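Read through the structure below, which is laid out as structure tokens, and then see the notes.
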Ligand SMILES: [Zn+2]
Ligand SMILES: [Zn+2]
Ligand SMILES: [Zn+2]
């Protein structure tokens, strides 16, 4: 029997980390970030928010195989702008938008 | 009116369904919210079943699966710890809920076994969890098994927290309707037709909330998807408004966890 | 399905739990799941080549009997649900065991 | 000696010895079913 | 054998509507479609759960138990 | 010699907490314990898993070595 366990797609094991950034030598100021145990849920949001930025020249993500719950995100930013700063800004904007949406939904449901 | 970002407009409210319109939001956020509400909300459900006596005509695995598919109340699921994160040996009152079901056949006619026959034996400590969800008018619940005279069914279950990703039995939402752009103004799809497109394709019920397209007008290439109509139906374990709130909270928690991991690794590497 | 064969007159196989000392040429599978009568009670999970029916037959010092048990199939596993014991036409022992498994 | 058997016709609980050929007592049926085990049986609903 | 607890496609709980469906079909005297609509099933995924379900449990219960 | 042989055990912690199985083969520190509901074999440390009675009763840790018995 070769059925993978159902908790391996959302639980971090041993020896691996949630994030892993490796520099990209193909283009300047480009990095590749690997996410473990998530796929197709926050990657699209991160890519969209990075594309919304004006100092990001490239933002894409892909899933190598549906068997493994992981995806790689590649960000290329303009000179002088660290890609990690762009990722942090996108995450903060997503957090603010989600909080505003939750507050608005609660206010609407209250009446 | 809290912040200039996403906006909501509830069209209908009910204990089982909610209809609302999302505005000033992008497609990615709406899709992520839908996916999270589908398979990210924690819920309480029966995980392990111990069968003491089974004289019925149903296999033990059959009854175990049927019991695992029975919805359970998960209003206070945030006060229950995960089984893997608990320091106990197998289970305890702070991480699991124990339910016992006993049934016997005395009457000559068939004796049905319902979800209302489940009895909670563990201490809930005031938490509003573990009660089977009953929505039938007769107040019977989900039919588990049918017994005749001389047959007995005695068994014990334990309920554990989980998410729909691990197993479909933990899903709190039944079906979520997602639709945007009732008219083909964005040209996001090509309509298959034989002689006519408008005549052959029925109009959606959301076409009345948007202005009809004007004939002889240039295609608006600067327009994007910003208005979404969503309908959420709940199984019964969690109310629809709480389902949406928990979905938003889970998405926020995932983003915050990503940010925390990034900050921690930046500190460690520097 | 398992049966007892009457070789000659007194050389008849018996259904019992074998031991590593008295019996000879035992199978590699485990024998703890067996009972005194040599048949496993229903409701016990089995897997691999575990022995479900325990039968021994005399050869003709010590070691007057050898193992003749029938192990479970190596590639199959499940839970025994019903065990049937009866007598055949001549009057010896007749044992049938059923294993139930679910295939998702 | 302590093994429990159930008749396949009248469902009568009975116990038999090794020298006692298998058969029921409340009726003439010669087919018996082994009783369910008393061990721990646990199933996962997942 | 017995009615499923939840709909296979979406996940709506349809295991508590078998008795109501039978009662509506046997004395309320209306066709299957209107009874299904009255029960609360609007999508054909849920309708097929009890519209094409065979209750073989009675046949098994017909045999004398232990 | 080894106490953990043919005795029903319950898996503690990890992703199989609360599962019931019987240990079949034990070698070194890792112990191969089968699963009842699942048709698979998982190898875990003998100390981590608790020990139960075959018929049924209270569960104990790996202190069976001191007791040199079951239950
Ligand atoms: Zn606990
Ligand atoms: Zn009888
Ligand atoms: Zn459905």
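Virtual Cβ from ideal backbone geometry, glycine too; neighbours counted across all protein chains shown. We did not get these values from a lab; they are worked out from the coordinates using the rules stated.
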Quiz item: So what is the relative contact order of chain F, in percent, for Cα pairs below 8 Å that sit 6 or more residues apart?
Solution: 27
Exercise. Only helical DSSP H runs with n ≥ 4 go in: add -39500 (n - 2.57) per run for chain B, normalise by residue count and round the 222 nm mean residue ellipticity to 500 deg cm²/dmol.
Key: -6500 deg cm²/dmol
Quiz item: Can you give the Rg to Rh ratio for chain C, taking only C-alpha atoms and Rh from Kirkwood?
Solution: 0.99
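For residue B:19 and residue C:49, what is the calculated FRET efficiency with R₀ set at 51 Å and r taken between the beta-carbons, to the nearest 0.05?
Values: r = 59 Å, r/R0 = 1.16.
The formula returns an efficiency of 0.30 here.
Grab the eigenvalues of the alpha-carbon gyration tensor for the stretch D:4-46, scale each by 5, take roots, and send me the semi-axes largest first in whole angstrom. Don't jump to the answer; show the numbers that get you there.
Numbers: eigenvalues 153, 32, 10 Å².
They are 28, 13, 7 Å, listed largest first.
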Self-check item: Point-to-point label distance, residue C:24-residue C:63, nm (Cα→Cβ direction, 7 Å offset)
Solution: 0.5
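Would you mind putting B:213-219, B:195-201 in packing order, based on average other-beta-carbon counts within 10 Å, highest first?
Descending mean neighbour count gives B:195-201, B:213-219.
Can you give the relative contact order of the stretch B:57-122 as a percent, counting alpha carbon pairs under 8 Å and 6+ residues apart? Working shown, then result.
Details: 34 pairs, mean separation 17.8, N = 66.
Once normalised by length, the contact order is 27 percent.
Inside 10 Å of the C-beta atoms of B:142-150, what's the mean count of C-beta atoms belonging to other chains?
What the average comes to for B:142-150 is 5.
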Quiz item: residue B:112 versus residue E:53, label points 7 Å from Cα toward the beta carbon: distance in nm?
Solution: 1.0
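Return the average number of partner chain Cβ atoms within 10 angstrom of each residue Cβ along peptide D:16-24. Write down the numbers at each step before the final one.
Values: counts 2, 0, 5, 0, 0, 4, 7, 2, 0.
Taking all residues of D:16-24 together, the mean is 2.
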Exercise. Compute the FRET efficiency between residue B:128 and residue B:92 as 1/(1 + (r/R0)^6), taking r as their Cβ-Cβ distance and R0 = 25 Å, and round to the nearest 0.05.
Key: 0.85
Self-check item: Measure of compaction for chain E (Cα Rg per 2.2 N^0.38 Å)
Solution: 1.21
Quiz item: Roughly how many Å is it from the Cα centre of the stretch A:77-98 to that of the stretch C:7-31, as a whole number?
Solution: 75
Exercise. Mind jotting down the distance between the C-alpha centroids of the stretch D:9-46 and the stretch B:247-262, whole Å?
Key: 58
Quiz item: Tell me, how many Å apart are the Cα centres for the stretch B:1-46 and for the stretch F:2-55?
Solution: 44
Quiz prompt | Sorted peptide list for C:49-57, A:8-16, criterion being average Cβ within 10 angstrom, highest first | solution = C:49-57, A:8-16
Quiz item: log₁₀ I(q)/I(0) of the protein assembly as shown at q = 0.07, 0.09 Å⁻¹, via Debye over equal Cα point scatterers, no solvent, to two decimals?
Solution: -0.63, -0.95
Exercise. Extending each Cα 7 Å along its Cβ direction at residue F:58 and residue B:220, get the distance between those two points in nm, one decimal.
Key: 7.4
Self-check item: Burial order of peptide ranges C:2-9, A:30-37 (average beta-carbon count within 10 Å, highest first)
Solution: A:30-37, C:2-9
Quiz item: Over all residues in B:250-260, what is the mean tally of Cβ atoms on other chains that come within 10 Å of each residue's Cβ?
Solution: 6
